[PDB]
Structures are given as C-alpha cells and as structure tokens.
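Okay, structure first, notes after.
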There are 2 protein chains.
Amino acid sequence: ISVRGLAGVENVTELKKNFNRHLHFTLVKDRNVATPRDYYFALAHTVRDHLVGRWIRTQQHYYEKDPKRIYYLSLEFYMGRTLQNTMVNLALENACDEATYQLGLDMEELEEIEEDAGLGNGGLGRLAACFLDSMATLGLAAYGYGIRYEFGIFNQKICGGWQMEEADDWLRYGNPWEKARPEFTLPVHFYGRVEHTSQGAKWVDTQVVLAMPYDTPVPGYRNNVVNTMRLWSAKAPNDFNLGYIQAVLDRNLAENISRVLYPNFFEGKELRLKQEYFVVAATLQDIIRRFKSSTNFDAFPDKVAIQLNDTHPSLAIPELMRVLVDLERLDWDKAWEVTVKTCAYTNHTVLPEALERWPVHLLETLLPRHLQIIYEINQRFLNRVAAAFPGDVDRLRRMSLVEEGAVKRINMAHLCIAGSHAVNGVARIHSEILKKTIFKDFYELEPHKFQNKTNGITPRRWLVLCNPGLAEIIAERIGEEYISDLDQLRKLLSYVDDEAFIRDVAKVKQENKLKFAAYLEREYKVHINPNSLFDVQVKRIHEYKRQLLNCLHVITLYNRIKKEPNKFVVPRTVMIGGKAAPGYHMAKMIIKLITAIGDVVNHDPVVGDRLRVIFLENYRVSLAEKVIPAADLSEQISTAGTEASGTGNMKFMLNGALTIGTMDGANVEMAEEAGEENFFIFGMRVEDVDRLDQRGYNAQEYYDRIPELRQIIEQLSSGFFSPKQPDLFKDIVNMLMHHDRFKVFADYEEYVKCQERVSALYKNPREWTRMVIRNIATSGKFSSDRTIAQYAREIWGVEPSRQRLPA
Amino acid sequence: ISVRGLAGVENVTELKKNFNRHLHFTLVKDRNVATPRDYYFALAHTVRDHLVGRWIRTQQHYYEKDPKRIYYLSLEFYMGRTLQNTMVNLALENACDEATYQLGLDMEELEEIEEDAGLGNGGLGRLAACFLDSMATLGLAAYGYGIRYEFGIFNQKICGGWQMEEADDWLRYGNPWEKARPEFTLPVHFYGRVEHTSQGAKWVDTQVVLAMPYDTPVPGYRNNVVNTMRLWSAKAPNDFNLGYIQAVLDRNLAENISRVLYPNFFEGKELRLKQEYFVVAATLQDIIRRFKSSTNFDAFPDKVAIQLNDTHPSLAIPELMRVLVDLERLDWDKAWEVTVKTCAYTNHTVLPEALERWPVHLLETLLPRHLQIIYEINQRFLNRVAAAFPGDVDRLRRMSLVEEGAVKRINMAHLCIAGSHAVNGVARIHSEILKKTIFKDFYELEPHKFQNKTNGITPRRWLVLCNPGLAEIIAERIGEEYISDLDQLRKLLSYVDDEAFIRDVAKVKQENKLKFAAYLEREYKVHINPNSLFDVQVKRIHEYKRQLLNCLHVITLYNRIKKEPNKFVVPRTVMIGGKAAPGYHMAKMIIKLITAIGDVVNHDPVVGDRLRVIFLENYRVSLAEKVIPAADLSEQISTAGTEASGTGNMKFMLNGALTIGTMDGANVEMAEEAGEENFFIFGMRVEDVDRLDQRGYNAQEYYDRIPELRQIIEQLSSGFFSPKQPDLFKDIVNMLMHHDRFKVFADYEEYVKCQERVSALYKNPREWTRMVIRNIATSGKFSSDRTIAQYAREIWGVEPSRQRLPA
Ligand SMILES: OC[C@H]1CNC[C@@H](O)[C@@H]1O
Ligand SMILES: OC[C@H]1CNC[C@@H](O)[C@@H]1O
C-alpha cells in the first residue's frame, strides 16, 4: 500500500487470530462489550508479541558476543506513543492495517487512544528518545537508564486564557509495553554517616530504598535488534518504619522518589537530589553486575561506556569511585583512571540559572560519603591546575568544584568535566561557546576532552511515522534506503526543476494542512483557513525562545491591516504552543498574552480570515507529529547565543517547512547545509549581542525610533488587549522596557522585514516549493543516526553496524 | 491418578504448549534464565486461561436470564492461594501435574511460591471466602464486594520469643488472578455539607475519591459457573489539590483508603470509617447500574439481595436511602420499604468491645447527609417502639440507634437490625443468645427477623485440596458425590468396624503427620517426634480463646513428668499458632509465654521427646492447610458463651482430629451430630458461667484448693520460665488472679482430667481411629454448601442449583 511494508495473506490471517486471542484471554472481553480502548490494547499486545522473540534473542546475543556496553543515563526520556513506531520498525504497519480493516476497525482511530509516555519536559528528553531509536538501528549494545515516573509532564489546560496544570496519570489504564522485573530489585542507600576503620571508610546507619526495574523494548529499524530501556521505580522495604497503621502509610515517603517528573531555573530541592542519586546508584549496581558476568577492573573501560546526559546523573562519578574504593578496595588512582575512562558528559545549555549547584549541607546529610569523595576529587584536581598554571590564584577559585559564598555549593558541571574523558556540546556554535567562555579554563587545562556532537532527530518517527505522504513520494524517486541513511535525500536535488515532484511536494503539504485543519475543528472546535500560510512556533514557553517577539510581529500585522483594510496581505494562521513551568510567572503571562491577542484578532470583522492567532493547547510529542507536517513556516527565533542546539528546527526542515531563524544553535548548520539563500535568517549574531551588552542595552532607544513598536507598547499598556483589566500586561511591558535579558526590541525591525520576505515568497507557490525541496534535500546531516555514529566512534570507541540479526 | 481428574493425552499436550507460550510471550523469559517463580507464573496464567471463557459465558448468562442478584458485602475476604483451588474446581489437577512433570517440574514446588491473598484477619474473612466458593458451586448469581487492600494481614515474625509485624506486600510480584477494570471507575464523596432546597436535600462541596474495581474469578466446583469478586481500589482524581509537586505527592492521602487492612477491641479511627463508606458507596452504584439494565424500584427487592457481613458495611442502609430519596426522588416510606426488603444482617459476636459505635462528631464531618438520615431512621423507629410498648421509657433509650453520654455515638448494630428484614447469628447457641440477651428488645418488637445460620467450611479447600489422601480413601468406598454433597459422608458409618478402612484412615493421618514433621524441619529447622499425639490450637491470640488454659495444661504435664520421670506418659507435640493484634499487649504476652515454656520444656533432658511445645509462626490459610490434616487433637476451649461459632473446629473434624472443647459456639452442634460420647467435652456450660458471675468470680479460691495450680502460678511469679527477667510474667499472673474475664481457673480441673481421657484413648490406636471415623462421618452439616443453601432459601429468596453450565 505504501512504504509501510507488505500485507501478506499468511501474516494478516495470523495477526487477526492473535488479536482475537488477546481480546478474549488477555483483556477478558467479548466483541459485544468491547470499546475502542479494548481494541487498542488488543492490537498493542499482538504487536508486542512480535518484539519479545527478538528482544530475548538480542539480549542473549550480547551475552555471548560480550561487546562493549553503552549506558545512557538520563532523568528524562520523552518517548511519546509506541504502537506505530513499533509497527514501522518491525515492518508490520500495512499488515496490521489490513488485519484491523478486516476485523472492521480503523487503525488510525485505535492509535489515538494510546497515551503519550511523557517522561520528559522537552528537547533533552526527546533527544534521549531519538538517541535510543538510533542506537538500536545502528546495532549498538545500548541501554537507556532512568526513572519510571508515575506522573510525567503535566497536562496543560487553558482556562480563561490561563494555563492550568493537570496530573498526567499515564499509567491509569496500564502500560502494555513495559515488563516489571521485581526479581531484579536492588537496594539504594540514603543518609547515614561515615565510619573510618582499619581498612578504609564505611557508610553506615543508612536508610534503604528499593529500586524495582521496569524494562521497555527499543526496536531498531528493520534489523531485528531490540534493546532495553530500564526505568527504576522506588519501593519501601518490608520492615520500613517497622502505630502499625502509620508505619504502613509512611511507606509513601520512600516511594515518593519516583512519583513525579520535575518540570523545567535551578531549584535545590531534596527530592530532586534523591531522584538523581536513586537512578545513579541502582544503575551502577546493574552495570557492575553485568560486567562481573563478562575481578580486574582494568578492563572496565573496555566493556563499559557511561554517558551522562546533562549534569543530572553527575553523582555517577563519585558513586563509581565509592564502589571501586570502598567496596572493591581498589587504590584511589586506579579507581580514578577507570572512572575518567568510562564516563563522558554532554552539556545542554549556557544559561547560568540552569547550572546545577547543590548546597553542601544537603549533600552532607543525604550523601555524606559522596561529599568526602567530592572534596578529595577537588583537592587532587586543583593540585593539577596549580602545577599547570603556577601562581594563578583566581583560576584556582574559578575552577574549583566547591563554590564558596553565603552557602557553600558543589558545581556539578565542574565535577563532570574533571571525571570524564569527553565533554561535548550539542551544536558547533554551542561547543565553541563552551571552549571560549563558560569552560575556557577547563579547555586550557585539557583541550583534548572537548568535542562537538550536533544533535539530530530520528527519521523514523519524524518522517516515516508522522508524514507517510512525503515519505512515499520520496521513496518513489530514490527508494527506501534513505530511512536509515538520510544523507541519500541529497539525491532529491536533481528533482528541484521536476514539475511532477514540485506538484507532489506541494500536494502532500496541502493534504497535511487540510488534515490538521480538520483535527483543530474536531478536537477543539476552532476554525482555520487551510489556504493560509501556517506560521508555527512550538516549544517550551521561555523568555529566551522569544514567543514575545512573535507576538510583536502578529500585532504589527493586525495594526497594518486595520490601517489599510482594503490592501492585500498574504493570509496567515499563526500557531503557538508549549508549556510554561508552573512557577515561571512571566511564561504564564506570555501564554495569557497570546490568547488575549487571539481574542482580539480572531473576532475582528475587518481582519476576516486573513489573520488568525491560535494557541496550541497541551503541546507534546503526539501533537508535534500532527502540526509539524502541516507547517509552512518554522519559527526558530531565540536570541543568538541562548539556544544550545534546538531539535524542533530539524523536524520542521525534514517535513517541508521553511525556517525563519536567528544564527543560533543548530540553525547555523542547517542554513550552512541548505545554503543561506534558502533560509530566512535575520537579526543579531552572537558578536552583535556581545557588542550590545558592552555598550549597555537600552530598550527605550528602540521604542523612541520605531513608531510601529511604540504603538504596540502603548496598546499593551493602555489595555487594548485587556479591556476589563487595563493593567493586566504591566509586568510584560515593564520587563521589555527595563529588564529584558533577551533583547526582544533589538531584533524587532529585521524580524518584521524578514517576515515580509517570507510573505512575498509565499505568493509564488512554485518558488516556495522549490526552496522547500532544497531544504528537505539537505536535512540529512540532522539524522540522529549521524549523531550517534559520531558518539560511537569518537567517544564510546565502538563501531555501528547496519547488519541484521536473524529473525 | 486420584480424585484429581483425568490426564488425557490431548489435554496434557495442550497445557504444555500454553505453558511455554506464557513463559515466552507473557513472562518474556527463556528456559535458561527462568526461576521456579517464573514457572509458577507460567502455570498460573495457563490455568487462568481456562477460567475466562467460562467467566465471560457465566456473566453473559446472568445478563440474559436476569436472575435475582446476591451482593455479599464484607471488608474482609481471606482467600489464601488460588492456583490449586482453581485446578480442583476445573478438574485440571492431574492434567497439570502430568504436563508439568513432563516439562521436568514439580507442581507442589511451584504451588508453594504463590503468596496468600491475606485480605482478612481470621474467621470472618475466611467465612466470606468459603461462602464465595459455595455460592458459585450452588449456581447462584452472587458477587463478593470489598476492598483491594494493598497490604493484607501482617506477616508475623517471632524474634526472641516476641511477635514482630512485617508489611504483607502481597502484590510485589503481581497478581495473575485479578483483572483491573479502570473503565468502570466510580466516584465516592466525602465531607461537604447539606443544602436544603425546593425539592429536597443536596449534598455539596464534597471531596471526590475514585473507586477503581479489580475483578477476580470465583469458580464453582465442576459446574462451569464462574462468579465475580470485585474489590475496589482508591484513586485520586486528576485535578486533586489542583506548589505543583506537593499537589501531586498529596494524592497519596486519598489513596490511603485502600492501603491497609485494619487488624482485629473497637477503635473509632477516621480512615476505617472512610474504608467502610468507600466500599458501600462504590458497590451500591454498581448494584443500581446493573439493576437499571434489568425505573420502578418496587421490583428492586425482587432482583437484589444485599448481605451485610457484620456491621462493617452498615452504611449501606442510609446510603441506599440517600440514593433513593435524594437522587431518585422516591418518598421516604417507599424507599424504606425497598431498603428493609433488600438488606440482611449477619451478627458475628457477643463481645461488647467488638460492637461498632461511631462518634456522632465524626459522621457529622465525614458524612453529614448520612447522619441526618440516621437520625430520621431512629425517630421513626422509636415511634414504633413507643406505640408497641407505651410508657416503657427505658426500652426507648436501650433501643435507640443514638447512644448518649460523654460522646454521642451511633450504634451500628441497632441500625442494621432496624434496616434489615433478617438478622442471623452464626450458630444455634449464638443466635439464641442474641434473642435472649443482647438484642432481646429487638426480638420482642420483631420476632420474625431473627434467624440462625450455622457456619460451615468448603469441603473443596478443606478436604480435597489439603487432604487428598483422605479424600481418595473416602472416594474408593462411597464415590465422589460427597464433594458437593457432604451429607453423603454418613455412609462411612457402615465402615466403622471395617478393618481395611480403619487401617487406611490411620495410615493417611500418619502420612500427614510425617509430611508436616518434615516441613517443620525443612522450613524452620525444628525437630518433632511424629509418633506423638499432635495436640494443636491454631487461631487468633485472644484471652477469650484461652490459649492460656492450654499453657496451664502444658505446664501441668511438664511438672508431672519432673515429679515422676520414670513413669510412662503418652508423648505429645503441642502446637499453638496465631497472630496477636499489634496493640493488644496481653495477647503479645501470651505468645511470649508460649515460647518461654517451649524454651524450658524442649531442652529438659529428663522430658526427652515425650513432650514438645512449638509455637507455629505466621499462621494463615496456607499454613492451616498443612497443620489441620496433621492434627490428632483439636483444641476448641473458649469460655462458654464467648465464641459465636468457630470454623476452625469444623476443619479439624473433617480432617480426622478429635475435639477437646467446651459447649460453645458450633462445638455444641458438632458434638450433637457425632454424639457426645465421640467428643471430649469439658467445663462450664453458659448457665454455669452466669451462675459464677452472679456469685462473683474469685480466682483465689481455685488457687487455694488446687495444689497443682498453685505450683504453676508460683513458677510463673518467681521467674521459673524467665530466669533473666523474674517478673516478666507479672501482668499475666495478676490478670489471672484478679482481672480474668474469661475464668481460666474455673475450667482448669475438668480440662486437665478430660485431657487424661484423651491420652488414655490415644494408647488404643484402633479405638481412637474408630471414634475419628465417627467424627468424619457426621461432619456433613458443616459444609458451607448447607449454610449457603439456607441463606438462599430462608433469607435471599432464591433456589440453589447443581445444574452445570455448558463448557
Ligand atoms: O540538547 C537537547 C536540547 C537541550 N535544551 C536546549 C536545546 O537547545 C537542546 O536542543
Ligand atoms: O462467623 C465467623 C467467625 C466470626 N468471629 C467469631 C467466630 O466465632 C466466628 O466463627
């Protein structure tokens, strides 16, 4: 039927009978009482059965071959739905489609019933998810380790234009993909004290929390490789607190560790630290167990790589030291050599308020042995700084893992650099910034540590799965090899003047837009013109992402329409979506502003259907898979030097949207690949930002010289968008005028003018589409298969493989 | 192979391949890594598959036939293990035995891995479990409704002779028998306030807790009937408490409702009341839902029977009134007529401190509408008392549902009597006591309400399952019909002089004793002589059960041995087991005393192996199934008038033990059935107890006149059994001498002398066994099939059926 595999008579028949088996025996239902949910679950279990044989054989294969194992430690895995992805990677999609059709069911309908696994906040968690997909596809013996949160990222409800948070009870109906492994429960220790004795230190009088693993299969693309994601759940020991009733009820305290994912500004809360240690301690025991079945720890770095995703699992470094020194009785220097060689660290931001700095008094109480080890690491590290740069006393204080001040803190990023053989940023510009500024001192001491690994996205989920129409028209011309080798899309360059292809690309986009326009009316009763330019900015709500700069453009368009109503303008649907962190007042104000503009714009009779402002509620992976293929314009407009990479940008590029963006994060490499003529770049570069900070940013200057901007500010201040509460947006205006760290006004003019260029191109469908083809054609670099191949070869010391395991 | 069904070639082959299917696909295991637990789970799932077809067909059958539905409401269901019971009732035991043997596995070994479902304390909960079995066996459309406690009755550990409690984390490895039904979640309301309006009262500003059902199958004996036990689990709503993190963590508060089973003295704790209302509110919604699919509530009592097991679900009465009056808008008198006709109440004790009396101020806050309804019930009920007995002012205060005093209380038993068309005791003597004393006033007002339903036990679990050896030798002579018609055991009377049978009965007992003797050494490293008389008292530790009277006999034997060491005595193993409630100090002291006697007796060289005292740790259903078939002597020695029925007594009778007991509870009917000559009855009758209370019980009198008793007390006081802590047992001595409500000393002489009679009979194996045959032969009355047949006909108005549903 498509790129979605074969629907063989033997297979369809077999799928139908296993479906019916599961509905009967597994769900305990008859057809007369079954709901669409029961049908979803029956399909899920049928597809799951096809995984297990390969899953068992994969893990047996690693035991025999004993390859180097890669452990990817993250506190976030933003997986989304699993059903379709599993079908795609197993080549079962057409077969299941046929089998369900023959049972009289719509598969697409059943797919919508699946809950997102939302065990992440955004980019970091989605990166981990793409990475797992790519690692299985490239045949690496890799394991994702994290926490099985019982509540993922909150569901966002918009009420009166305000964000409301709702617990994401994703496990309510059960999770068919996971397998509880209560038999492999491990203990994790907290609190206690350190005893020194005849042969070394001993950590005693600890409280024990049990870590229970749950295993989820991670299938590679059509290679019969199925890797494991292991997520730990907190359980109280059976003698815990052991009137009687309270002791039993107080078990909840220990089990709170895995209850909820922390939303995205660093807050030093005890439960977060407990989560961080919990994942690290249980994971390392598992790592070591598996190594001992392979004791000379000299070979440890030959058999084990540990990748620290951000500083969240940074306690892996002193935990590994603790185990090697205190328990295995290795000498400090050998243990340290092993530790540095096995660990690598990925930095994910340059925003200072995101840097993890734990108060010493917290670590003192919770992890007293780990504090001692950290002090010792610091001492020996600073002795090395001192010898390399004698007399440089300020370097010593800058490089210290211990920050003095009001409260003493441990800098977890400094810990990670010292205890890892590799440190990488997530895009070229970001990795350069790391070496030039934030970690300049560390780079000078150990230049060899510092690398770049530009982020990527998986072409399975982010093309084949969410945009089958585009996947198919591409397959027609160049075949199917590109799915696991996205560089082949370059071959599409020879079709940029092909009138048939141009027509098809544009047709697929139109179908996508019509499909999404329908979804909006069906699920949210909101009306949109599907012939308008779909202008979309979807990502977390943050001041650095400048949803506010978008808001200023939108208002400019509205004000230009009201000034010259009978003048022609390219019609646009501007869609903005994303969650604000619960405590982030300003982000919550931006959402209210967006809806408030919509309230005015969407009901102005003069505007007509020429301009529409829609806030996309409850943005998440499943919604991303719907809007991204429908987008014409991708808004990637962070202040230059603030967005480490971005990954949403790459998803839009692959799906036929043109990009308006600053020279920030991966936008730089994206524009470099496609050619700048095929991108809408505007605004300050990093160097212009630095220049502005030196002179001093004065927002008033822009307000004074730009009349169109002045009008918008006065509209906001006077209550134009808030008639009942005239001063509603005083906080926003005040920040823009006096306290704007992200220089919204400084890029306003170039942004508005660049937007005019976008609109002019959209008037010429043929030339828009040819530029689109030029973007899709050069998106190959941004496959996570490329990213992971680079980690494997340049960091982990292993060779990827496209070789299939026997079915 | 036995009474355990056919092992057909077709069936064995099919069981083996489904076993392997489940191990592979369901457990995700290979044979090389599988533990015995995995094998247990693979067998459990294979057997479970055979239930579901019949389960679905049973429930479909009830929907079509629309019979009267029986709802059995209990806060306790003491189910034990399910695997063997399911095999037995499905006739799959020999087939699975063969199939597992051929896979190279020992089924008995796998059976021991299953955790007890310990969702009850003792007799009340086990009664509910036997009742469910019998109701399915008799083809009644019956449902067990309760709470899915995540922690059942605590595991008892004995440490230094002291009881320690350990959380019973029974769900740790999962429960293959249950099916979550998240789709049938119902809301339950707490707190709030009552508004009065134009058309009646309205309960508003409530907090909502969700009730999520879990369904467990209940198979009848070989009739293809599979009924449902539905257990509610508490879930927080998704907007609950909705900084953000705390709101999510505080969800635990609502979910604490179903966290833990309260152990067995009435404590008026809020969480217990919440549990009581939670089960009642969710259950009644389900009851009504199912009735509306059958609105004229006149027919409600024709289609619905609700059995209140004790006063724990007594809130069903005002809850049903609330729904009918406030929501369905029926007039008070019609609603009340419906309520009385649908509800029936079973009383389970005469001990005053066990009676549930809830403080008004608690109900005021938690259930304000229900309080109003209760006051109205009381008012109308007392108007009826006043008219029937004019001027009798003390009757009015005695009969009131509202008790005045320090705190105002609601008497839940008075509520149950007023709102039910039937009230029953659980044995003839108990039901007579109810009418003569505790509820005399109520019986005088409404004599027709009061009935008796003598308890019973299921012959499936308590003969076939736990004593296959005895089941088989019985089947040889009289066939298999007795399993579902236990009255047929009378036919064994014609074998009392049969030398072959006598030999077989005695052989089975010896095998049972040797089997248990081995278990003791294997699992607890304790040594016993299997040729000794197995003297066993197993049940909850309470002063009324008089484990202390047993302790006095044991010490008497020891002291008689030490006085005349070279004199011959019948060797005995005295085994005592049972849990003490966590707050019950005296019960905890009795356990310590038992172990303390063992400490002295078991290591006295002079005693030899003539006397042994063993405390049976962690008594529960699975342990009951092991010790009961091994017992020679059943100790049923409560003070006359305190044990409402007992059910352990009946289990021992069925399994070839002789009974030493008082004329209490069901002992009276047991001795009546077998003939008193075939029982060892001793001690005061109820009337002798009354006589002693009138004169005043003086323990000193017995101490003064009985030298052997004086010696024991002085041994206890001086520290004979506690050399390090001489005064350890001062509390026990003091209670016996001055504060003994249960007249231990008053029965001492007759008990010791009666025990001598037991020992004399044990010296004559042939005559012991002939008396044993006489007991087994007349145990038929005590089948729960008989009990349930009586409820069905005399209370619920339905006819039992032995007719098989199609396979
Ligand atoms: O590296 C993944 C993401 C982490 N947060 C900042 C983003 O720029 C980045 O793409
Ligand atoms: O009715 C079941 C049991 C309840 N508790 C007291 C016992 O005598 C009785 O058998």
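As shown in the structure tokens, the chain order sets the letters A, B, ...; within each chain, residues go from 1, and ligands are also counted from 1 in the order they appear.
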
Within 9 Å of ligand 1, counting only C-alpha atoms and all ligand atoms, which protein or nucleic acid residues do you find, written as a PyMOL selection string? chain A and resi 122-128+309-310+346-350+425-427+430+454-456+642-648+665-666

request  = Give me every helix (DSSP H, G or I) residue in region 184-288 of chain B, going by DSSP on the backbone, as a PyMOL selection string.
outcome  = chain B and resi 184+244-249+251-258+270-288

Inset, instruction - Starting from chain B, keep only residues with some atom at most 8 Å from an atom of chain A, counting only C-alpha atoms, and report them as a PyMOL selection string. - result: chain B and resi 24-25+28-30+49+52-53+56+165-169+172-173+182-183+238-239+242+244-245+248-249+252+256+259-260+262+582

* Show which residues sit within 9 Å of region 716-733 of chain B, as an NGL selection string. Count only C-alpha atoms, and ignore same-chain residues fewer than 2 positions away. => :B and (586 or 589-590 or 593 or 596-597 or 599-600 or 711-714 or 735-738)

I'd like the neighbourhood of residue 297 (chain B) as a PDB file with N, CA and C atoms, in the first residue's frame, where a residue qualifies if any of its atoms comes within 9 Å (using only C-alpha atoms), though same-chain residues fewer than 5 positions away should be ignored.
```
ATOM      1  N   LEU B 324     -32.066   6.607  46.982  1.00  0.00           N
ATOM      2  CA  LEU B 324     -33.485   6.516  46.626  1.00  0.00           C
ATOM      3  C   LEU B 324     -34.251   7.821  46.863  1.00  0.00           C
ATOM      4  N   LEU B 330     -37.710   9.142  45.354  1.00  0.00           N
ATOM      5  CA  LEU B 330     -38.743   8.302  45.954  1.00  0.00           C
ATOM      6  C   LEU B 330     -39.135   8.897  47.299  1.00  0.00           C
ATOM      7  N   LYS B 334     -41.638   4.537  50.881  1.00  0.00           N
ATOM      8  CA  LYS B 334     -41.408   3.579  49.797  1.00  0.00           C
ATOM      9  C   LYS B 334     -39.925   3.169  49.755  1.00  0.00           C
ATOM     10  N   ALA B 335     -39.047   4.164  49.845  1.00  0.00           N
ATOM     11  CA  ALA B 335     -37.606   3.950  49.871  1.00  0.00           C
ATOM     12  C   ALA B 335     -37.210   3.026  51.021  1.00  0.00           C
ATOM     13  N   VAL B 338     -38.299  -0.569  50.395  1.00  0.00           N
ATOM     14  CA  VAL B 338     -37.329  -1.174  49.487  1.00  0.00           C
ATOM     15  C   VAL B 338     -36.043  -1.538  50.240  1.00  0.00           C
TER      16      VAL B 338
END
```

For region 221-230 of chain B, list every protein, DNA or RNA residue within 8 Å, evaluated using only C-alpha atoms, and leave out those in the same chain fewer than 5 positions away; present the list as number ranges by chain.
B: 51, 54-55, 58-59, 88-91, 133, 136-137, 139, 141-146, 213-216, 460, 484, 802-807
